[PDB]
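Listing of data_7.cif; format and content: mmCIF, N, CA and C atoms.
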```
data_data
loop_
_atom_site.group_PDB
_atom_site.id
_atom_site.type_symbol
_atom_site.label_atom_id
_atom_site.label_comp_id
_atom_site.auth_asym_id
_atom_site.auth_seq_id
_atom_site.Cartn_x
_atom_site.Cartn_y
_atom_site.Cartn_z
ATOM 1 N N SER S 83 -47.011 -93.523 16.621
ATOM 2 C CA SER S 83 -48.309 -94.060 16.241
ATOM 3 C C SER S 83 -49.167 -94.304 17.468
ATOM 4 N N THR S 84 -50.484 -94.286 17.276
ATOM 5 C CA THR S 84 -51.391 -94.742 18.322
ATOM 6 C C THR S 84 -52.251 -95.903 17.845
ATOM 7 N N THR S 85 -52.213 -96.204 16.549
ATOM 8 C CA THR S 85 -52.866 -97.416 16.067
ATOM 9 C C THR S 85 -51.825 -98.329 15.422
ATOM 10 N N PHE S 86 -51.924 -99.623 15.725
ATOM 11 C CA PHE S 86 -50.937 -100.628 15.326
ATOM 12 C C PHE S 86 -51.606 -101.839 14.695
ATOM 13 N N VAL S 87 -50.812 -102.679 14.036
ATOM 14 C CA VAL S 87 -51.332 -103.917 13.465
ATOM 15 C C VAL S 87 -50.470 -105.098 13.937
ATOM 16 N N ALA S 88 -51.108 -106.203 14.304
ATOM 17 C CA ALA S 88 -50.378 -107.389 14.751
ATOM 18 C C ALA S 88 -49.643 -108.079 13.606
ATOM 19 N N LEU S 89 -48.376 -108.391 13.842
ATOM 20 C CA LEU S 89 -47.561 -109.115 12.874
ATOM 21 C C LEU S 89 -47.633 -110.640 13.061
ATOM 22 N N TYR S 90 -48.044 -111.091 14.249
ATOM 23 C CA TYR S 90 -48.160 -112.521 14.584
ATOM 24 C C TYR S 90 -49.373 -112.758 15.469
ATOM 25 N N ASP S 91 -49.804 -114.017 15.584
ATOM 26 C CA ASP S 91 -50.840 -114.386 16.559
ATOM 27 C C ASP S 91 -50.230 -114.395 17.950
ATOM 28 N N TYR S 92 -51.049 -114.074 18.949
ATOM 29 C CA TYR S 92 -50.652 -114.202 20.346
ATOM 30 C C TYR S 92 -51.849 -114.723 21.119
ATOM 31 N N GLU S 93 -51.635 -115.769 21.909
ATOM 32 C CA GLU S 93 -52.671 -116.305 22.784
ATOM 33 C C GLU S 93 -52.359 -115.943 24.235
ATOM 34 N N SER S 94 -53.314 -115.325 24.931
ATOM 35 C CA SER S 94 -53.074 -114.871 26.298
ATOM 36 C C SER S 94 -52.801 -116.038 27.242
ATOM 37 N N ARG S 95 -51.932 -115.817 28.220
ATOM 38 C CA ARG S 95 -51.547 -116.872 29.156
ATOM 39 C C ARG S 95 -51.927 -116.544 30.595
ATOM 40 N N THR S 96 -52.365 -115.317 30.842
ATOM 41 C CA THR S 96 -52.731 -114.949 32.201
ATOM 42 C C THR S 96 -53.944 -114.006 32.234
ATOM 43 N N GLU S 97 -54.086 -113.239 33.310
ATOM 44 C CA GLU S 97 -55.280 -112.422 33.514
ATOM 45 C C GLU S 97 -55.224 -111.042 32.851
ATOM 46 N N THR S 98 -54.031 -110.600 32.493
ATOM 47 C CA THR S 98 -53.840 -109.211 32.110
ATOM 48 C C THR S 98 -53.476 -109.048 30.632
ATOM 49 N N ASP S 99 -53.170 -110.147 29.954
ATOM 50 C CA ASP S 99 -52.743 -110.028 28.558
ATOM 51 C C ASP S 99 -53.870 -110.289 27.566
ATOM 52 N N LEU S 100 -53.720 -109.741 26.364
ATOM 53 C CA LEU S 100 -54.767 -109.779 25.348
ATOM 54 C C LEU S 100 -54.433 -110.798 24.253
ATOM 55 N N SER S 101 -55.385 -111.658 23.882
ATOM 56 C CA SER S 101 -55.228 -112.521 22.719
ATOM 57 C C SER S 101 -55.550 -111.753 21.425
ATOM 58 N N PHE S 102 -54.799 -112.001 20.356
ATOM 59 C CA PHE S 102 -55.106 -111.368 19.062
ATOM 60 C C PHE S 102 -54.551 -112.197 17.903
ATOM 61 N N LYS S 103 -55.037 -111.932 16.696
ATOM 62 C CA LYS S 103 -54.587 -112.670 15.522
ATOM 63 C C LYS S 103 -53.752 -111.771 14.613
ATOM 64 N N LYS S 104 -52.868 -112.370 13.822
ATOM 65 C CA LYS S 104 -52.108 -111.607 12.848
ATOM 66 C C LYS S 104 -53.063 -110.735 12.022
ATOM 67 N N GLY S 105 -52.656 -109.503 11.736
ATOM 68 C CA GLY S 105 -53.486 -108.581 10.968
ATOM 69 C C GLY S 105 -54.533 -107.825 11.770
ATOM 70 N N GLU S 106 -54.708 -108.206 13.030
ATOM 71 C CA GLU S 106 -55.638 -107.512 13.907
ATOM 72 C C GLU S 106 -55.112 -106.108 14.215
ATOM 73 N N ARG S 107 -55.997 -105.113 14.193
ATOM 74 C CA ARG S 107 -55.592 -103.738 14.437
ATOM 75 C C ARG S 107 -55.910 -103.268 15.865
ATOM 76 N N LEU S 108 -54.923 -102.619 16.476
ATOM 77 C CA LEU S 108 -54.954 -102.331 17.907
ATOM 78 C C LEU S 108 -54.699 -100.868 18.181
ATOM 79 N N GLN S 109 -55.501 -100.300 19.073
ATOM 80 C CA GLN S 109 -55.262 -98.951 19.561
ATOM 81 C C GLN S 109 -54.341 -98.985 20.775
ATOM 82 N N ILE S 110 -53.210 -98.297 20.687
ATOM 83 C CA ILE S 110 -52.245 -98.316 21.787
ATOM 84 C C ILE S 110 -51.764 -96.900 22.069
ATOM 85 N N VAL S 111 -52.408 -96.214 23.007
ATOM 86 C CA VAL S 111 -52.114 -94.794 23.209
ATOM 87 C C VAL S 111 -50.821 -94.523 23.978
ATOM 88 N N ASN S 112 -50.409 -95.467 24.820
ATOM 89 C CA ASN S 112 -49.149 -95.354 25.561
ATOM 90 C C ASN S 112 -48.178 -96.492 25.217
ATOM 91 N N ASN S 113 -47.158 -96.181 24.421
ATOM 92 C CA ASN S 113 -46.232 -97.198 23.921
ATOM 93 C C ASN S 113 -44.769 -96.762 23.987
ATOM 94 N N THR S 114 -44.418 -95.993 25.010
ATOM 95 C CA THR S 114 -43.062 -95.461 25.110
ATOM 96 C C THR S 114 -42.082 -96.506 25.644
ATOM 97 N N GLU S 115 -42.402 -97.099 26.790
ATOM 98 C CA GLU S 115 -41.479 -98.028 27.430
ATOM 99 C C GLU S 115 -42.157 -99.334 27.846
ATOM 100 N N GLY S 116 -41.338 -100.342 28.142
ATOM 101 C CA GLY S 116 -41.819 -101.621 28.636
ATOM 102 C C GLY S 116 -41.898 -102.705 27.578
ATOM 103 N N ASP S 117 -41.919 -103.964 28.022
ATOM 104 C CA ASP S 117 -42.108 -105.106 27.132
ATOM 105 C C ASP S 117 -43.581 -105.339 26.831
ATOM 106 N N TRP S 118 -44.447 -104.755 27.649
ATOM 107 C CA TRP S 118 -45.888 -104.940 27.507
ATOM 108 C C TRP S 118 -46.590 -103.590 27.377
ATOM 109 N N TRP S 119 -47.503 -103.474 26.417
ATOM 110 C CA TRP S 119 -48.247 -102.235 26.179
ATOM 111 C C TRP S 119 -49.739 -102.499 26.278
ATOM 112 N N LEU S 120 -50.489 -101.583 26.885
ATOM 113 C CA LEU S 120 -51.936 -101.754 26.968
ATOM 114 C C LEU S 120 -52.568 -101.499 25.600
ATOM 115 N N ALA S 121 -53.322 -102.471 25.120
ATOM 116 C CA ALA S 121 -53.845 -102.431 23.765
ATOM 117 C C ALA S 121 -55.348 -102.660 23.753
ATOM 118 N N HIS S 122 -56.047 -101.928 22.891
ATOM 119 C CA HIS S 122 -57.476 -102.107 22.730
ATOM 120 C C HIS S 122 -57.742 -102.570 21.309
ATOM 121 N N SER S 123 -58.406 -103.711 21.150
ATOM 122 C CA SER S 123 -58.634 -104.249 19.803
ATOM 123 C C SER S 123 -59.799 -103.572 19.100
ATOM 124 N N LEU S 124 -59.539 -103.044 17.911
ATOM 125 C CA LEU S 124 -60.568 -102.350 17.142
ATOM 126 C C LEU S 124 -61.546 -103.337 16.508
ATOM 127 N N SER S 125 -61.205 -104.623 16.549
ATOM 128 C CA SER S 125 -62.124 -105.668 16.105
ATOM 129 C C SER S 125 -63.019 -106.175 17.239
ATOM 130 N N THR S 126 -62.397 -106.795 18.232
ATOM 131 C CA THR S 126 -63.132 -107.516 19.255
ATOM 132 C C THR S 126 -63.621 -106.623 20.396
ATOM 133 N N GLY S 127 -62.984 -105.466 20.574
ATOM 134 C CA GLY S 127 -63.328 -104.575 21.680
ATOM 135 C C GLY S 127 -62.679 -105.027 22.981
ATOM 136 N N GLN S 128 -61.834 -106.041 22.882
ATOM 137 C CA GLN S 128 -61.126 -106.543 24.054
ATOM 138 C C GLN S 128 -59.869 -105.726 24.319
ATOM 139 N N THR S 129 -59.433 -105.708 25.574
ATOM 140 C CA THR S 129 -58.362 -104.821 25.990
ATOM 141 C C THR S 129 -57.425 -105.553 26.930
ATOM 142 N N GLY S 130 -56.125 -105.358 26.761
ATOM 143 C CA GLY S 130 -55.165 -106.017 27.627
ATOM 144 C C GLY S 130 -53.758 -105.736 27.168
ATOM 145 N N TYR S 131 -52.782 -106.241 27.906
ATOM 146 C CA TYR S 131 -51.395 -106.006 27.546
ATOM 147 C C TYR S 131 -50.959 -106.948 26.434
ATOM 148 N N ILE S 132 -50.110 -106.443 25.548
ATOM 149 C CA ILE S 132 -49.605 -107.209 24.423
ATOM 150 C C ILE S 132 -48.104 -106.990 24.376
ATOM 151 N N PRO S 133 -47.359 -107.944 23.786
ATOM 152 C CA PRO S 133 -45.900 -107.813 23.689
ATOM 153 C C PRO S 133 -45.531 -106.701 22.708
ATOM 154 N N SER S 134 -44.657 -105.795 23.133
ATOM 155 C CA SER S 134 -44.326 -104.612 22.343
ATOM 156 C C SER S 134 -43.768 -104.979 20.971
ATOM 157 N N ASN S 135 -43.072 -106.111 20.891
ATOM 158 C CA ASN S 135 -42.444 -106.502 19.627
ATOM 159 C C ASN S 135 -43.312 -107.319 18.660
ATOM 160 N N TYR S 136 -44.611 -107.429 18.930
ATOM 161 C CA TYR S 136 -45.526 -108.161 18.055
ATOM 162 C C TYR S 136 -46.330 -107.250 17.098
ATOM 163 N N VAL S 137 -46.126 -105.940 17.157
ATOM 164 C CA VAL S 137 -46.953 -105.037 16.346
ATOM 165 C C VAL S 137 -46.126 -104.083 15.483
ATOM 166 N N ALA S 138 -46.736 -103.601 14.398
ATOM 167 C CA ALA S 138 -46.145 -102.561 13.559
ATOM 168 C C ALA S 138 -47.154 -101.425 13.472
ATOM 169 N N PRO S 139 -46.695 -100.210 13.116
ATOM 170 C CA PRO S 139 -47.584 -99.044 13.025
ATOM 171 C C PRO S 139 -48.710 -99.271 12.019
ATOM 172 N N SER S 140 -49.846 -98.620 12.229
ATOM 173 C CA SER S 140 -50.997 -98.790 11.341
ATOM 174 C C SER S 140 -51.876 -97.546 11.357
ATOM 175 N N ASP S 141 -51.236 -96.393 11.202
ATOM 176 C CA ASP S 141 -51.923 -95.103 11.162
ATOM 177 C C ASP S 141 -51.017 -94.038 10.533
#
```
The structure in this file should be written as structure tokens.
Amino acid sequence: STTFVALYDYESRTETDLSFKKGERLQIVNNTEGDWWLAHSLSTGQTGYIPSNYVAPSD
């Protein structure tokens, strides 16, 4: 998948991570490895790393 949906809320704690709400839909073009994936929110237009285990496919 390249589009995902958040299963839980996440509040950012640093400079590089993205805040999002449950049900928020995210574009994630590179999601092969790592605990953190670069995500672009299709709602807010905000972009940042998100925890790989907080999302499910949505495309």
Next item on the list: Taking the chain letters and numbering used in this document, name the residues of chain S that DSSP puts in strand (DSSP E), as number ranges by chain.
Entry: S: 85-88, 107-109, 118-123, 129-133, 137-139
Convert the current residue selection to file output with N, CA and C atoms, as an mmCIF file, in the coordinates of the input.
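After the write, part.cif holds the following:
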```
data_model
loop_
_atom_site.group_PDB
_atom_site.id
_atom_site.type_symbol
_atom_site.label_atom_id
_atom_site.label_comp_id
_atom_site.auth_asym_id
_atom_site.auth_seq_id
_atom_site.Cartn_x
_atom_site.Cartn_y
_atom_site.Cartn_z
ATOM 1 N N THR S 85 -52.213 -96.204 16.549
ATOM 2 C CA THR S 85 -52.866 -97.416 16.067
ATOM 3 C C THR S 85 -51.825 -98.329 15.422
ATOM 4 N N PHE S 86 -51.924 -99.623 15.725
ATOM 5 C CA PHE S 86 -50.937 -100.628 15.326
ATOM 6 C C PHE S 86 -51.606 -101.839 14.695
ATOM 7 N N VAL S 87 -50.812 -102.679 14.036
ATOM 8 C CA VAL S 87 -51.332 -103.917 13.465
ATOM 9 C C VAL S 87 -50.470 -105.098 13.937
ATOM 10 N N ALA S 88 -51.108 -106.203 14.304
ATOM 11 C CA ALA S 88 -50.378 -107.389 14.751
ATOM 12 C C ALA S 88 -49.643 -108.079 13.606
ATOM 13 N N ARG S 107 -55.997 -105.113 14.193
ATOM 14 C CA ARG S 107 -55.592 -103.738 14.437
ATOM 15 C C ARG S 107 -55.910 -103.268 15.865
ATOM 16 N N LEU S 108 -54.923 -102.619 16.476
ATOM 17 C CA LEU S 108 -54.954 -102.331 17.907
ATOM 18 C C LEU S 108 -54.699 -100.868 18.181
ATOM 19 N N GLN S 109 -55.501 -100.300 19.073
ATOM 20 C CA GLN S 109 -55.262 -98.951 19.561
ATOM 21 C C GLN S 109 -54.341 -98.985 20.775
ATOM 22 N N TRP S 118 -44.447 -104.755 27.649
ATOM 23 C CA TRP S 118 -45.888 -104.940 27.507
ATOM 24 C C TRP S 118 -46.590 -103.590 27.377
ATOM 25 N N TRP S 119 -47.503 -103.474 26.417
ATOM 26 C CA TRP S 119 -48.247 -102.235 26.179
ATOM 27 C C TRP S 119 -49.739 -102.499 26.278
ATOM 28 N N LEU S 120 -50.489 -101.583 26.885
ATOM 29 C CA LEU S 120 -51.936 -101.754 26.968
ATOM 30 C C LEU S 120 -52.568 -101.499 25.600
ATOM 31 N N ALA S 121 -53.322 -102.471 25.120
ATOM 32 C CA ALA S 121 -53.845 -102.431 23.765
ATOM 33 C C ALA S 121 -55.348 -102.660 23.753
ATOM 34 N N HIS S 122 -56.047 -101.928 22.891
ATOM 35 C CA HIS S 122 -57.476 -102.107 22.730
ATOM 36 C C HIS S 122 -57.742 -102.570 21.309
ATOM 37 N N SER S 123 -58.406 -103.711 21.150
ATOM 38 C CA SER S 123 -58.634 -104.249 19.803
ATOM 39 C C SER S 123 -59.799 -103.572 19.100
ATOM 40 N N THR S 129 -59.433 -105.708 25.574
ATOM 41 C CA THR S 129 -58.362 -104.821 25.990
ATOM 42 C C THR S 129 -57.425 -105.553 26.930
ATOM 43 N N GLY S 130 -56.125 -105.358 26.761
ATOM 44 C CA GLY S 130 -55.165 -106.017 27.627
ATOM 45 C C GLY S 130 -53.758 -105.736 27.168
ATOM 46 N N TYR S 131 -52.782 -106.241 27.906
ATOM 47 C CA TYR S 131 -51.395 -106.006 27.546
ATOM 48 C C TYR S 131 -50.959 -106.948 26.434
ATOM 49 N N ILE S 132 -50.110 -106.443 25.548
ATOM 50 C CA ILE S 132 -49.605 -107.209 24.423
ATOM 51 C C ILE S 132 -48.104 -106.990 24.376
ATOM 52 N N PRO S 133 -47.359 -107.944 23.786
ATOM 53 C CA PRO S 133 -45.900 -107.813 23.689
ATOM 54 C C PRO S 133 -45.531 -106.701 22.708
ATOM 55 N N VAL S 137 -46.126 -105.940 17.157
ATOM 56 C CA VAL S 137 -46.953 -105.037 16.346
ATOM 57 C C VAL S 137 -46.126 -104.083 15.483
ATOM 58 N N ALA S 138 -46.736 -103.601 14.398
ATOM 59 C CA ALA S 138 -46.145 -102.561 13.559
ATOM 60 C C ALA S 138 -47.154 -101.425 13.472
ATOM 61 N N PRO S 139 -46.695 -100.210 13.116
ATOM 62 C CA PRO S 139 -47.584 -99.044 13.025
ATOM 63 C C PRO S 139 -48.710 -99.271 12.019
#
```
Margin query: Would you pick out the contacts of segment 113-122 of chain S at 8 Å or less, using only N, CA and C atoms, so that residues sharing its chain but fewer than 5 positions from it are not included, and give the list as a ChimeraX atom specification?
Written below: /S:83-84,100,107-108,127-135
Write the residues of the preceding selection, restricted to N, CA and C atoms, as a JSON list (two decimals), in the coordinates of the input.
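Output (part.json):
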```json
[["chain", "number", "residue", "atom", "x", "y", "z"],
["S", 83, "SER", "N", -47.01, -93.52, 16.62],
["S", 83, "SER", "CA", -48.31, -94.06, 16.24],
["S", 83, "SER", "C", -49.17, -94.30, 17.47],
["S", 84, "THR", "N", -50.48, -94.29, 17.28],
["S", 84, "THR", "CA", -51.39, -94.74, 18.32],
["S", 84, "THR", "C", -52.25, -95.90, 17.84],
["S", 100, "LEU", "N", -53.72, -109.74, 26.36],
["S", 100, "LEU", "CA", -54.77, -109.78, 25.35],
["S", 100, "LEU", "C", -54.43, -110.80, 24.25],
["S", 107, "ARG", "N", -56.00, -105.11, 14.19],
["S", 107, "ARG", "CA", -55.59, -103.74, 14.44],
["S", 107, "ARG", "C", -55.91, -103.27, 15.86],
["S", 108, "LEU", "N", -54.92, -102.62, 16.48],
["S", 108, "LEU", "CA", -54.95, -102.33, 17.91],
["S", 108, "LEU", "C", -54.70, -100.87, 18.18],
["S", 127, "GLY", "N", -62.98, -105.47, 20.57],
["S", 127, "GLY", "CA", -63.33, -104.58, 21.68],
["S", 127, "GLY", "C", -62.68, -105.03, 22.98],
["S", 128, "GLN", "N", -61.83, -106.04, 22.88],
["S", 128, "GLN", "CA", -61.13, -106.54, 24.05],
["S", 128, "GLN", "C", -59.87, -105.73, 24.32],
["S", 129, "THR", "N", -59.43, -105.71, 25.57],
["S", 129, "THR", "CA", -58.36, -104.82, 25.99],
["S", 129, "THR", "C", -57.42, -105.55, 26.93],
["S", 130, "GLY", "N", -56.12, -105.36, 26.76],
["S", 130, "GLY", "CA", -55.16, -106.02, 27.63],
["S", 130, "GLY", "C", -53.76, -105.74, 27.17],
["S", 131, "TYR", "N", -52.78, -106.24, 27.91],
["S", 131, "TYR", "CA", -51.40, -106.01, 27.55],
["S", 131, "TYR", "C", -50.96, -106.95, 26.43],
["S", 132, "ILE", "N", -50.11, -106.44, 25.55],
["S", 132, "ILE", "CA", -49.60, -107.21, 24.42],
["S", 132, "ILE", "C", -48.10, -106.99, 24.38],
["S", 133, "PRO", "N", -47.36, -107.94, 23.79],
["S", 133, "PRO", "CA", -45.90, -107.81, 23.69],
["S", 133, "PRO", "C", -45.53, -106.70, 22.71],
["S", 134, "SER", "N", -44.66, -105.80, 23.13],
["S", 134, "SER", "CA", -44.33, -104.61, 22.34],
["S", 134, "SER", "C", -43.77, -104.98, 20.97],
["S", 135, "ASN", "N", -43.07, -106.11, 20.89],
["S", 135, "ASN", "CA", -42.44, -106.50, 19.63],
["S", 135, "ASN", "C", -43.31, -107.32, 18.66]]
```
Notebook entry, point to check: Could you tell me, as a count of residues only, which residues have any atom at most 6.5 Å from (-43.4, -109.1, 14.2), counting all atoms listed in the file?
Noted result: 7
Kindly provide, as lines of an AutoDock Vina configuration file, the centre and edge lengths (Å, one decimal) of an axis-aligned box around all atoms of segment 92-98 of chain S given in the file, with 5 Å on each side.
```
center_x = -53.0
center_y = -113.0
center_z = 26.2
size_x = 14.6
size_y = 17.8
size_z = 24.6
```
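Here atom C of residue 141 of chain S stands at a distance of 13.5 Å from atom C of residue 111 of chain S.
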Margin query: With distances taken over only C-alpha atoms, which residue among S:112, S:105, S:125, S:93 lies nearest residue 140 of chain S?
Written below: S:105
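The spacing separating atom C of residue 98 of chain S from atom N of residue 123 of chain S amounts to 11.9 Å.
Compared by their closest atoms to residue 110 of chain S, and using only C-alpha atoms, the residues S:124, S:96, S:85, S:91 rank with S:85 nearest.
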Check: What does the distance between atom C of residue 102 of chain S and atom N of residue 86 of chain S come to in Å, to one decimal place?
Finding: 13.0 Å
